[PDB]
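Every heavy atom of this structure was used, including side-chain atoms; hydrogens, water molecules and symmetry mates were not. Letters A, B, ... mirror the listed sequences (proteins, then strands); counts begin at 1.
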Amino acid sequence: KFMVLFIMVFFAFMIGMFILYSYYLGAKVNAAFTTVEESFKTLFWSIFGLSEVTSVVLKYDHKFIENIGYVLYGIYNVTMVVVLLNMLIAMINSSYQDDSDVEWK
Amino acid sequence: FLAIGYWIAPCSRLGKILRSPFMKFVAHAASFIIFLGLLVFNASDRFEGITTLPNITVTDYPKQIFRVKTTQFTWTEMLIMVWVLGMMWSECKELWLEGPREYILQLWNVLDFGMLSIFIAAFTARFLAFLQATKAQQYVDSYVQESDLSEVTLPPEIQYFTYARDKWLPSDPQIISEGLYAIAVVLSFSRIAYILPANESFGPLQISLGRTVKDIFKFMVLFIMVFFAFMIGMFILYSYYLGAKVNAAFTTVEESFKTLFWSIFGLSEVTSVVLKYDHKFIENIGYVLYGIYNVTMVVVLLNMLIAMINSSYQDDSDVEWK
Ligand SMILES: [Ca+2]
């Protein structure tokens with residue numbers, strides 16, 4: 001049930017960052033957000049810290065678009081932690097309320 | 001078609017069912033799903049990527065100014081602009097009816113006004129770019145007949161609009177438009193949480209999510225003071241070693257901010273503190289300051305995690321959701 005909340009957050013930045021970087025296909029350090037699939041790949045592996053910060057860096061001097069990508073990618077990481085932190089706390093409280101023995105037997 | 005039926009037959013079988021509060025929530029949710037569909041479908045030609053490199057210009061007809069083709073509004077674009085005008089009008093009426101004070105005193109009203117204003121700014125910026133392109137286009141059709149802009153040397157003011165994306169000015173309206181449009185699209189999908197309270201399964205989850213965000217807000221203030229302590233301290237240490245470092249980690253206040261922010265997620269490498277020169281005293285201080293920052297940041301995060309766990313330890317989520 002918590003994934004559904006994070007899918008909405010994930011899809012918000014997948015479309016938003018892909019739209020931002022779709023026109024800079026050959027003008028980026030890598031292929032991070034140039035396509036919807038690459039936008040999915042980058043944001044999924046950012047959950048485990050496996051996506052580098054150069055994902056948002058541009059070869060061109062369009063610092064406005066590059067700095068927006070920094071903030072959107074920075075907000076995504078902060079938002080993802082908050083969603084994970086909320087899931088961790090909520091599931092801890094759910095367990096706080098000899099029942100595991102009954103369910104196993 | 002349902003909207004048309006309401007106008008022609010306001011008082012009918014269709015009128016009563018459409019006036020039901022559940023059907024007016026569904027209709028508002030349905031319209032916003034269409035709006036998100038228009039946002040996604042607008043960029044549907046780039047799902048697999050752009051065939052043309054940002055270095056090469058493609059024009060539909062030989063005499064066209066390139067910036068005309070890249071700034072012209074399509075039929076999907078017009079629908080998005082109208083949907084925004086419709087959404088903004090509803091927010092303006094709520095601002096006028098409820099009041100300029102109570103309106104603000106709601107998380108959704110400020111967020112909805114924020115994302116609609118960014119949409120308007122994004123479209124205003126693109127409109128300004130479109131006007132400039134038309135002015136360049138007007139010059140070509142009324143003064144140029146030089147076989148597809150091959151040998152003719154246009155004035156520099158007008159020649160700029162035949163350039164590819166790489167030659168665009170860093171602050172031209174087209175770049176500002178798509179930069180703001182991306183922010184609005186991300187903010188748009190945040191409104192999906194506006195319809196989540198109605199569901200009995202995902203409604204309580206969003207209530208608890210908002211409670212944690214409010215809890216984290218007060219803890220950030222503590223971490224901002226820690227973050228700003230090392231941002232200034234490490235920038236001061238490394239500011240003089242601009243060309244004498246492995247990278248540009250702490251050479252400027254912005255680079256000092258970038259490095260320390262991504263260190264939260266482990267995305268800043270240890271070579272951020274390494275110097276090219278033999279000044280090991282400054283390099284080892286940077287190691288300790290960067291090491292202390294990571295340890296301090298964990299302690300602040302650990303304190304926030306524990307405090308928020310105890311805050312929840314004291315059937316109340318059901319009451320808050322209902
Ligand atoms: Ca509202």
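Neither the backbone nor the side chain of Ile75(A) has a heavy atom closer than 4.5 Å to any heavy atom of chain B. Only the side chain of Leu72(A) comes within contact range of chain B, judged by heavy atoms closer than 4.5 Å. With a 4.5 Å cut-off on non-hydrogen atoms, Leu39(B) touches chain A through its backbone but not through its side chain. Contact of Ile19(A) with chain B is made through backbone and side chain together, with heavy-atom distances under 4.5 Å. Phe47(B) touches chain A through backbone and side chain together, each having a heavy atom under 4.5 Å away. Proximity to chain A (any heavy atom under 4.5 Å) is shown, for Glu178(B), by both the backbone and the side chain. With a threshold of 4.5 angstrom between heavy atoms, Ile50(B) approaches chain A through its backbone and through its side chain. Using a 4.5 Å cut-off between heavy atoms, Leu25(A) touches chain B through backbone and side chain atoms alike. Heavy atoms of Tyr60(A) lying under 4.5 Å from chain B belong exclusively to its side chain. At a 4.5 Å heavy-atom cutoff, the contact between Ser51(A) and chain B is made by backbone atoms alone. When heavy atoms are compared at a cutoff of 4.5 Å, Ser22(A) approaches chain B by way of both its backbone and its side chain. When heavy atoms are compared at a cutoff of 4.5 Å, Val78(A) approaches chain B by way of both its backbone and its side chain.
One finds the CG atom of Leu84(A) at 11.0 Å from the OG1 atom of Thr212(B) (value rounded to the nearest 0.5 Å). Atom CE in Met17(A) sits 10.5 Å away from atom CD1 in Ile183(B) (nearest 0.5 Å). Here the CG-CG distance, from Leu196(B) to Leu5(A), works out to 6.0 Å after rounding to the nearest 0.5 Å. Interatomic distance, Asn86(A) CG to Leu209(B) CG, rounded to the nearest 0.5 Å: 5.0 Å.
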**Message:** Before you tell me yes or no, could you show the steps for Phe64(A) and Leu180(B) under side chain to side chain contact (heavy atoms under 4.5 Å, CB included), namely the whole-Å CA-CA distance, both residues' side-chain angles and the distance that decides it to 0.1 Å?
**Reply:** CA-CA 10 Å; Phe64(A) 181 80; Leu180(B) 295 173; 4.2 Å; yes
**Item:** Worked check of side chain to side chain contact (heavy atoms under 4.5 Å, CB included) between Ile89(A) and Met308(B)
**Value:** CA-CA 7 Å; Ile89(A) 296 170; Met308(B) 293 177 59; 3.6 Å; yes
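What you find for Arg165(B) and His62(A) is that their closest heavy atoms are O-CE1, 3.0 Å. What you find for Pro54(B) and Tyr23(A) is that their closest heavy atoms are CG-O, 3.3 Å. The shortest heavy-atom contact between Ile92(A) and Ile309(B) is CD1-CD1, 3.7 Å. Residues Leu20(A) and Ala182(B) come closest through the heavy atom pair CB-CB, 3.7 Å. Residues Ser312(B) and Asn93(A) share a closest heavy-atom pair of OG-ND2, 2.5 Å.
The greatest number of non-hydrogen atom pairs below 4.5 Å with chain A, out of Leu305(B), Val186(B), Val185(B), is found for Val186(B). Among the candidates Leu169(B), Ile176(B), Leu53(B), the residue making the largest number of heavy-atom pairs closer than 4.5 Å to chain A is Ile176(B). Contact tally against chain A (heavy-atom pairs below 4.5 Å) for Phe265(B), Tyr181(B), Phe261(B), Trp262(B): the top residue is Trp262(B). Of the listed residues (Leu85(A), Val9(A), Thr34(A)), the greatest number of heavy-atom pairs within a distance under 4.5 Å of chain B belongs to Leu85(A). Counting heavy-atom pairs closer than 4.5 Å to chain B, the top-ranked of the candidates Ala12(A), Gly69(A), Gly49(A), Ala31(A) is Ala12(A).
Within the structure, the side-chain hydrogen bond (donor to acceptor under 3.5 Å, both in side chains) test picks out the following pairs touching residues 65-82 of chain A (sequence neighbours left out): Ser46(A)-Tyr73(A).
Counting heavy atoms from C-beta on, the side chains of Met8(A) and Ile192(B) come closer than 4.5 Å.
Counting heavy atoms of neighbouring residues, nucleotides and ligands inside a 6.0 Å radius, atom OH of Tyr194(B) does not exceed 12 of them. In the displayed structure, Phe41(B) atom CZ is contacted under 6.0 Å by at most 12 heavy atoms of other residues, nucleotides or ligands.
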